[PDB]
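First, one chain by itself: the form deposited without the partner chain, in structure tokens.
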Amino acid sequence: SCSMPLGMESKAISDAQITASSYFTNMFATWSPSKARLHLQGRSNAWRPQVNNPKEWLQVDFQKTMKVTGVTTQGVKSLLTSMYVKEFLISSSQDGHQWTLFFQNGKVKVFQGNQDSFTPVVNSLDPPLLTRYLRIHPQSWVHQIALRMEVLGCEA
């Protein structure tokens, strides 16, 4: 039951609720955090940080506690170039300042993400997170960090 899309694609999570450490901008496109939406089509249809390094993060504030049972991620093709995140970490917070990394067997879980530019990949959170804030941390990528995502779960 608890595997409903929490609103990235459908826009139930509005633009103001999605933030990042940085985003890439130029006069061809604006790859803002609010473009990080599963299946989004268009000119600048993903989040890209301004630099490619593992200190970058994308954040979603659900604005209330949600039960999170999984995440779906996708890359983008732009200007003939596929860009996707291959591996990533998840952290979560209830307040927004104190962040807990998602662990498995007593250390940080490294999620295996995408292997192409348009196939969505679902990763489960076991045990599920009860959380207001979720951050995704790119650890490895092909060509450029690029993300479109969905969060899966239910109300709590």
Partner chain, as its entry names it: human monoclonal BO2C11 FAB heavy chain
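Positions refer to the first chain, counted from 1.
What comes next is about the form solved in complex with the partner chain, which is not displayed.
When contacts are judged by a 4.5 Å heavy atom cut-off, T119 does not count as touching the partner chain in the entry with it bound. Contact check for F24: a non-hydrogen atom falls within 4.5 Å of the partner chain in the entry with it bound. Contact between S78 and the partner chain in the entry with it bound is found at the 4.5 Å heavy atom cutoff. In the entry with it bound, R43 approaches the partner chain with a heavy atom inside 4.5 Å.
Annotation for 83-114: the only interface residue with the partner chain in the entry with it bound is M83 [heavy atom within 4.5 Å].
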